[PDB]
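*Asks:* Here it is, the structure, as structure tokens.
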Amino acid sequence: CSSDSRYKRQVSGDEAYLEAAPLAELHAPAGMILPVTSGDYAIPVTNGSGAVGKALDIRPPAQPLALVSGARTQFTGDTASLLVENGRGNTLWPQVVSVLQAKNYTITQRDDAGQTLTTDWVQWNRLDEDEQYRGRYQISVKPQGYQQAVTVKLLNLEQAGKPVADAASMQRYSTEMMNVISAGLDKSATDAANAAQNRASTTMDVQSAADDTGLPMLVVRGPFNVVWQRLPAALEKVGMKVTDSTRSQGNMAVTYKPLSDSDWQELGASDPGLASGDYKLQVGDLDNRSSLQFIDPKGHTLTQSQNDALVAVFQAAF
Amino acid sequence: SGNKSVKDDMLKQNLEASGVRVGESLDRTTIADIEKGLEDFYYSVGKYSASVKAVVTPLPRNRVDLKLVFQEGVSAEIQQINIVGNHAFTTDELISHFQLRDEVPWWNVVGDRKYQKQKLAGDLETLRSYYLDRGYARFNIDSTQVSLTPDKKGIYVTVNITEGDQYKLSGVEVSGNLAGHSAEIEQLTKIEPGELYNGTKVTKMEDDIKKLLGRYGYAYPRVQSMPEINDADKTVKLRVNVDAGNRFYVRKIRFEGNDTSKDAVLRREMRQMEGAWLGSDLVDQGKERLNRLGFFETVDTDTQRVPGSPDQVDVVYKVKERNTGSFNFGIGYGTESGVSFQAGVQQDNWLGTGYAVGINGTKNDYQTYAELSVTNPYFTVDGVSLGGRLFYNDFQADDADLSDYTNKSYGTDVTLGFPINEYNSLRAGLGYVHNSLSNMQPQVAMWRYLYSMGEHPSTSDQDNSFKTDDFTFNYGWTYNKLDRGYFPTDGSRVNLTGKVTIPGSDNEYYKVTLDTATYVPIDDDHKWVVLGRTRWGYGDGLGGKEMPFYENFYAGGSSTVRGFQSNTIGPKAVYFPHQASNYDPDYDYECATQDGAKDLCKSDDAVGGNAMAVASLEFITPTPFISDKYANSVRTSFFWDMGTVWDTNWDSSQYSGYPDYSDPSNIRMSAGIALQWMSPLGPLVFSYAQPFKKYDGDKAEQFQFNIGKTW
Amino acid sequence: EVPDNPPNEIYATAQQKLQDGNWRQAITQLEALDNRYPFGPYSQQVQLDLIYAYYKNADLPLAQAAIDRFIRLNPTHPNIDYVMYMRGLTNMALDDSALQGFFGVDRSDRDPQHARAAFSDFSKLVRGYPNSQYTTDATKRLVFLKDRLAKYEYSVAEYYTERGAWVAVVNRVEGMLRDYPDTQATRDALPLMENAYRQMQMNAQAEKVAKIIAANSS
Amino acid sequence: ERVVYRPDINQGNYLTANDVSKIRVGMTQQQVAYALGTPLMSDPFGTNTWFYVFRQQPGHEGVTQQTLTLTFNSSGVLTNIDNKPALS
């Protein structure tokens, strides 16, 4: 009923284990030995420098994200490195600079010729942290061999207006800066890709060619996204209005609606005679082709004759 | 999609076995395999012509979705089951014991003529056993043909056999390393002269020898029987070769799954000591005691041979903890004449310590009932119990004046139980109770008791009081051999309780009660049971006194006779005229009062009696619609209850016109259906009963809901 | 129930919910992001966040399954020590009860299976990665678990002392000496072994145990 | 007391007159284990001693114990037999 901000970063339990009595060895009296220890429950002697109890952050370590490109990304102690698609020539530096300016981050030193720069203090906003941190970073772009990569080094961190030295926070915020830059670059790339996809209109020709399963499919000669987007409208034209759908699963369902002969010649290339029950449909992904599969309410698949009626045109509805 | 018989769960587990699982890769080459496998399954059930075809649709980012289109046909039905070569018996008799049915009678609508390969194999085994148990000793199934009509809905079965001749046992010859128990083994291999050979008898004899050896620590003997047949005179001589092996010792006894119960709580029920030679009977006794405890849903045993040791084993008891408790709670008034609340906390295993702790009470404007009870089942290592109980009940009417039937009681009780056998246990204890009644409405029974106590209260005015302090010696005896602790399926439990007022108490009397519950399974799986339950009670005064009317027995309710209002069976009150202490505007006063008549008109208020006897016959059946996974968490039964309560001291000579309450002939009866569910709040019992036999004044109540174990 | 927004938006929403502390919705978002994009730039981070959320959401079996999956799929991930520490924490959490904890019940007598598993996991973490930042807490938890397991053996030996099973008592205390020689429970149990030896009239063994006790009186 | 039922507390390993007679000095540890079975109790301290204790406590009937102590040398060869038939 009552909670506090700090339950988020601590372990589910209590610090009772910190009060356990220490282990002391047993002395063997002279003239006899003690039973030989199994060694199965022997605790190695380690160093007690790290945090214990509620002062330890079990929050998952921040792994650098390869968003802009699928190349290798890795962090080591205080620096993160992220390779990019090929090397982009000399455009990687201006792209990173523009993405940096997107967040109006201040820059003090500039080495455009050498592809290096430093950033002034930046403030972070995390609901996880009771007190907000802040620190400085250095961003450079250098070639790692056959490709050009971006590297970030976290100069220092500060919370509550005091310096920090824990590796957890350093890794967390180095990954934060790298992920921010990478997410900006990837957002630019995906916006460009979406614009290109929208510009590239695709044909709506339909076909009844089957596949390895042996059934006919209302194939459409287009990529998955566009045909999936236009299928609800086409199914609405034939009266099979969509009620449930799943873009990431392909499965979709329709409901019966009575359409007369005039309505069927209006759009939908005539009646397949599917006039009973809730039907389900599936789509495919073939960057130029797309298979549409129908199933009867009983759980069976439509025969070639059943769907050939719609295959007549099945193009204006889309 | 498309499957109407095979559930998605079984299919999904079948998928994982073949490597098809969400998040994994799609092995295309296995598609055909899986498909064929499923089709094979459909053919095993008899659903020929069924098809199972897989469709792989490509989803973006190099993913796929697997849809298994099932198109099942109509299941084939066994047209005939023929046995060729049976000259001693008849086909009808032989197949009557079969699981597969050639035909189903019109009355039987619970079975069908569906086919299954495993059932056919078991059926062949049953036929072989049938022919071998009659002494043939040569029965052989030459072949078995399973045919199928060309339309694939007429499966046929045929079995070609040879009976051979009937043999008799000449004598059992047992030899080998008998480990000095030869004399006790010759008694297990005793055969009657001229008795016919019998395979099941031989198997039972082998099992008996193995069990006999195991009781002495020989956990892993080998016993094989090789009968030598002699066709010259058709006689078979058994040859039982026995090798006891090594005597095994228990090294450690471990308990798993007792996340709540203390380890000692489970260890104290063990008859098998840890550092001692093994006894299989002792291990079984420990398992049975753990089951009878009732703290665990399931109990299993595992004797694991210690690696690298020919003499030592480890016994592991694996238990599944169960919710041992009830939390009955309710509110009756809310805002009418004040506020009220109830409590019902009852724990049989409190925090896994084994203690039985129960606290319950009711606070109203007129009642302040409170009751606490704490018992330690093991106050001594051997199992000596030490219980205790405190209760305080009050009735004041929230008027703080006269004519209110004030009744304040409170008492203590200490009990001490100890076993005498593995099943029997005695109990002895001391109790103290104080009862203070005041402003009692005159009635025949209560005034008779008061006169027996030497008091002479007025029959007209309500002004009166009575204080009694009673010290009682309590005794008891429980015989418990139930199969389980919460839903028994075998065995009987008998509980006798009683008390006698030791000299020095205000009133002298004695009381005794006797419960009984016997579970008899009819099905080998213990799914159909017959429960015979009964309860008896008798009490009476010792000297010239009489048993106090607040110790009377009450019957009728969800615990004694379902279908009647609680504590409604038995004698009814008869009120004398009051002619005083009457509230004209109240209108709640009974017939016998100033506002009403001036005779001993009989009322409908149950008062109970000093003698009680109730019986009940129940048929436990599986829940018609419930997943077998939750089979043991719900129980359905059909019950027929009988009950009667009478007052042996009722004077029929006087009050002749009024009903004679001393007659035990008036037996109420009821019949109906009951359902018990082990909910998070403990056992919940719903019951619908019709009281087809009832007498005047019996308030019926067909539907009843109860919290916690009825009995 | 999870929209099909681009991957970045889903990850941002999951991170925001995790920061806000709403474990259930963050878990749903992360499951959607993991089962929609199985092998992407988010795979490792999403798996780690799922482990953390399952732990904080008391979905311990799911946390164990996720930990096993991560360990087997990424045996050499740089942040693998964190996964081992989380497995130890999960096993230690399965060895706890809140209702009994409220009443101050010493649970050392209950099933030690999960305590043993947690000890194994923490020992693996400590030996494999001595320099990890979770090594000190792992060592402290190892000490506590060793004490608890010895107390369990002490409870069994004490019960058998009450029952009069002297051979069982001797064997249990010998096992304690071989397995947990340096715990306090073994020191407490030593007099039980001496008594068991005395009852069976083996006075030489009793004298030896008494000498051991005297040499370690404290 | 004497009326509370108590089960039999069998403790140790079973010993018989023939089995005890089957072991003689000079026997190897493996031969002794074969003849009598693996002991349930040895000396965990600095001695190679085997204890065959045979306890029976039927319950309110008295406890009877036979204890056979076998002392071996470092090589594992039996050196001393000490059979105690009953408690003192």
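Sequence positions for chain B are given in Swiss-Prot numbering; the residues included correspond to 100-810, in order.
Per deposition record, electron microscopy, 2.8 Å.
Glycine is no exception: its Cβ is also placed from the backbone N, Cα and C atoms.
Copying in the features that Swiss-Prot gives for the protein in this structure:
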- B:175-263: domain 'POTRA 3' (DOMAIN)
- B:266-344: domain 'POTRA 4' (DOMAIN)
- B:347-421: domain 'POTRA 5' (DOMAIN)
- B:447-454: topological domain 'Periplasmic' (TOPO_DOM)
- B:476-483: topological domain 'Periplasmic' (TOPO_DOM)
- B:496-504: topological domain 'Extracellular' (TOPO_DOM)
- B:507-522: topological domain 'Periplasmic' (TOPO_DOM)
- B:536-563: topological domain 'Extracellular' (TOPO_DOM)
- B:578-590: topological domain 'Periplasmic' (TOPO_DOM)
- B:601-608: topological domain 'Extracellular' (TOPO_DOM)
- B:620-628: topological domain 'Periplasmic' (TOPO_DOM)
- B:640-708: topological domain 'Extracellular' (TOPO_DOM)
- B:719-732: topological domain 'Periplasmic' (TOPO_DOM)
- B:746-767: topological domain 'Extracellular' (TOPO_DOM)
- B:790-803: topological domain 'Extracellular' (TOPO_DOM)
- B:425-433: transmembrane segment (TRANSMEM)
- B:436-446: transmembrane segment (TRANSMEM)
- B:455-462: transmembrane segment (TRANSMEM)
- B:466-475: transmembrane segment (TRANSMEM)
- B:484-495: transmembrane segment (TRANSMEM)
- B:523-535: transmembrane segment (TRANSMEM)
- B:591-600: transmembrane segment (TRANSMEM)
- B:609-619: transmembrane segment (TRANSMEM)
- B:629-639: transmembrane segment (TRANSMEM)
- B:709-718: transmembrane segment (TRANSMEM)
- B:768-777: transmembrane segment (TRANSMEM)
- B:804-808: transmembrane segment (TRANSMEM)
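Describe the structural surroundings of these features, if you would.
*Replies:* Residue counts for the domain 'POTRA 3' (B:175-263) under DSSP (helix as H, G, I; strand as E, B; rest coil) come to 22 helix, 22 strand, 45 coil.
Outside the topological domain 'Periplasmic' (B:447-454) by six or more residues, the chain places 357, 359-361, 364, 393-394, 423-424, 473-477 with a CB less than 8 A from a CB of the stretch.
Residues 367, 453-455, 515-518, 524 of the same chain lie 6+ residues outside the topological domain 'Periplasmic' (B:476-483) yet bring a C-beta within less than 8 angstroms of a C-beta in it.
Remote same-chain residues near the topological domain 'Extracellular' (B:496-504) are listed as 436-437, 464-465, 536-540, 561-562, 680, 682 (criterion: CB distance under 8 Å, separation of at least six residues from the stretch ends).
Here the topological domain 'Periplasmic' (B:507-522) is broken down by DSSP into helix, strand and coil counts: 0 helix, 12 strand, 4 coil.
Panel annotation: around the topological domain 'Periplasmic' (B:578-590), residues 390-394, 421, 522-524, 616-620, 625-626, 628, 719, 731, 734, 777, 782, 808 of the same chain, lying at least six beyond its termini, place a Cβ under 8 Å from a Cβ of the stretch.
Tertiary proximity for the topological domain 'Extracellular' (B:601-608) is limited to same-chain residues at least six positions away from its ends with a CB under 8 Å from its CB atoms, namely 552, 566-572, 638-642, 644-647, 650.
Remote same-chain residues near the topological domain 'Periplasmic' (B:620-628) are listed as 582, 588-589, 718-721 (criterion: CB distance under 8 Å, separation of at least six residues from the stretch ends).
Each residue of the topological domain 'Extracellular' (B:640-708) gets a DSSP state, and the totals for helix, strand and coil are 3 helix, 17 strand, 49 coil.
Within the chain, the topological domain 'Periplasmic' (B:719-732) has long-range Cβ neighbours (under 8 A, six or more residues past its boundaries) at 396, 586, 588, 618, 626-630, 774, 776-777.
When DSSP labels each residue, the topological domain 'Extracellular' (B:746-767) comes out as 0 helix, 1 strand, 21 coil, counted as helix, strand and coil in that order.
When Cβ-Cβ distances below 8 Å are used as the criterion, the topological domain 'Extracellular' (B:790-803) is approached by residues 655-657, 660-665, 667-668, 671, 703, 705, 758, 765-771, 784 of the same chain, each at least six residues removed from its ends.
Within the chain, the transmembrane segment (B:425-433) has long-range Cβ neighbours (under 8 A, six or more residues past its boundaries) at 439-445, 459, 463-464, 780-782, 806-808.
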*Asks:* Which range out of B:466-475, B:484-495, B:523-535, B:629-639, B:804-808 gives the transmembrane segment (B:436-446) the most CB pairs under 8 Å?
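*Replies:* The stretch I would name here is B:804-808.
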*Asks:* Go through the chain and flag residues at least 6 beyond the ends of the transmembrane segment (B:768-777) whose CB is under 8 A from any CB in it; none is fine as an answer.
*Replies:* 421-422, 585, 660-663, 717, 722, 732-742, 783-792, 801
*Asks:* Let me spell it out: take the transmembrane segment (B:466-475), skip the flanking residues so only those 6+ beyond its ends count, and list any with a Cβ under 8 Å from a Cβ in it.
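*Replies:* Same-chain contacts beyond the flanks: 453-460, 484-494, 514.
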*Asks:* With a Cβ cut-off under 8 Å, give me the same-chain residues at least six positions beyond the ends of the topological domain 'Extracellular' (B:746-767) that come close to it.
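*Replies:* Contacts with the topological domain 'Extracellular' (B:746-767): 543-544, 547, 639, 645, 654-655, 660, 663, 668-671, 673, 699, 701, 708-710, 712, 790, 792-795, 797.
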*Asks:* In the same chain, which residue numbers or ranges, 6 or more beyond the ends of the transmembrane segment (B:484-495), come under 8 angstroms Cβ to Cβ?
*Replies:* 455, 465-478, 503-517, 524, 526, 528
*Asks:* Quick test of the contact rule: Cβ under 8 Å, at least six residues beyond the ends. What residues does that give for the transmembrane segment (B:804-808)?
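*Replies:* Hits for the transmembrane segment (B:804-808): 425-427, 443, 445, 585, 657-658, 780-786.
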*Asks:* Hey, which bits of the same chain come close to the transmembrane segment (B:523-535), Cβ under 8 Å, at least six residues off its ends?
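*Replies:* The answer is 482, 484, 486, 505-517, 564-579, 598, 647, 649.
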*Asks:* Who are the long-range neighbours of the transmembrane segment (B:709-718) in its own chain, taking Cβ under 8 Å and residues 6 or more past its ends?
*Replies:* 627-639, 646, 650-654, 659-660, 669, 736-748, 763, 773
